[PDB]
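Given next, in structure tokens, is a single chain: the form deposited in one PDB entry.
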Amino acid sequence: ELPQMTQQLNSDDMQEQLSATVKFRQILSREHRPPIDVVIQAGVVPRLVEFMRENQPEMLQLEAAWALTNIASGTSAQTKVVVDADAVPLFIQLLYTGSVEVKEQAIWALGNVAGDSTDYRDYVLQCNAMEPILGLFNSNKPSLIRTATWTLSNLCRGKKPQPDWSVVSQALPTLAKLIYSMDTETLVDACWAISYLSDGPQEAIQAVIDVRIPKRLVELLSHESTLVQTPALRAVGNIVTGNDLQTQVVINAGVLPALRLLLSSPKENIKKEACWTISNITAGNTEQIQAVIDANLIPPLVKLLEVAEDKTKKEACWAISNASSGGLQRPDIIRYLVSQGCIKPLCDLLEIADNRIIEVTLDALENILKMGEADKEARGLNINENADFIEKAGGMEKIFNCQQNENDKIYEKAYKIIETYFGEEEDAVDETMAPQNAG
């Protein structure tokens, strides 16, 4: 019964035009195997697009837009059809004019369109949707705010390329309020949108900080739902890729104790992101490395370095290694790391199959040795305590083998460690290793 419907939708009688649009909208709503393909191939999209113009009944506009939305929320190719019919600008102008039911349809449509790819995202923005979308967050209608937030986050999503910052940054003031919503889905989507916005240059991080977002985000790290934790954690982590002052705002908002909580999350990936986040704080200045230690984060970090999944261990190793940087100007830090038992896990990690981490791990071990060496030379002792700890943990053997690694920098640092801190007993090797090695 479809070629009939296609003709009833062409009738100049406004009465039949509606009846037809309504029948389309209904089959297009079937839960199981919607007939989106068949309806598209009957050529009726452009006809439905016309039914959304200003010069049309409020009741017809609704049904046409609802039908099209059902199409645009299908496959990437069925969304493409709706976009190629120039439906976006009419969806957009319906956000101003239309009633609330109509607004909710168009906002959902534009969300599905904006979420298909970075091109469609830019396209929605170029068609000046930002202005009307923001205007929706007055409605005090929970389901509409929920939807508008979902769409909003899709306009911010994507790093390569980033969206036009001068446009998407206009949403910061609204989001700043949205992360106070009591509707979980809203809250979640608002946090995603912030995680995307904060994921960029120092100018973007600063925008996030200047609307006072970071205070609230830190509070949200202890929300009961991991659906909130995740994006919130991520936004906070992105802020701390920034400079020392930026990082300091998040520490000042209470992020270290919240990170403590997350280092014992049931989800492995929350723990991984938490480690990453802490590692970017121990990459910070000496006060901040001390703040990390004062928040009792080292002990769980060390525990994860020994028993966590590999991806989590690498991130934890960064956190502990970055922290030993500050050990050359504050030797208390290294002493505390050592005493917390981080030597054996760092050593055991040298055999991981990742040269990026082996390097970081050797840098951490060198810093521990340099502090152990300056410790014994400062008080006329004849032994490097830290060197003996590394030796007794089978770390000497492991560092020794790193000289048989293909990366020249790894070999060179390992060679240096064996010569400097293990002098009489373990030879360093020079370059007859012309049959190279690694992978």
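Counting begins at 1, following the sequence as shown.
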7-15 or 21-29, whichever carries the higher mean Cα B-factor | 7-15
Once you work out the mean C-alpha B-factor for both 30-38 and 369-377 from the entry, which is higher?
-> 369-377
Comparing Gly326 with the other modelled residues of its chain, is its CA B-factor in the lowest, middle or highest third?
-> highest
Chain-wide C-alpha B factor ranking for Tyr123, given as lowest, middle or highest third = middle
Which third, lowest, middle or highest, does the CA B-factor of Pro257 fall in along this chain?
-> lowest
Assert third(CA B-factor, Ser166) within chain per record equals middle
CA B-factor placement of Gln202, once the chain's modelled residues are sorted into thirds = middle
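Only in words, not in the display: the form deposited in another entry, which the text now covers.
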Since one rigid part pivots against the other between the shown form and the other one, find the hinge residue among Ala207, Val22, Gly98, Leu256.
-> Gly98
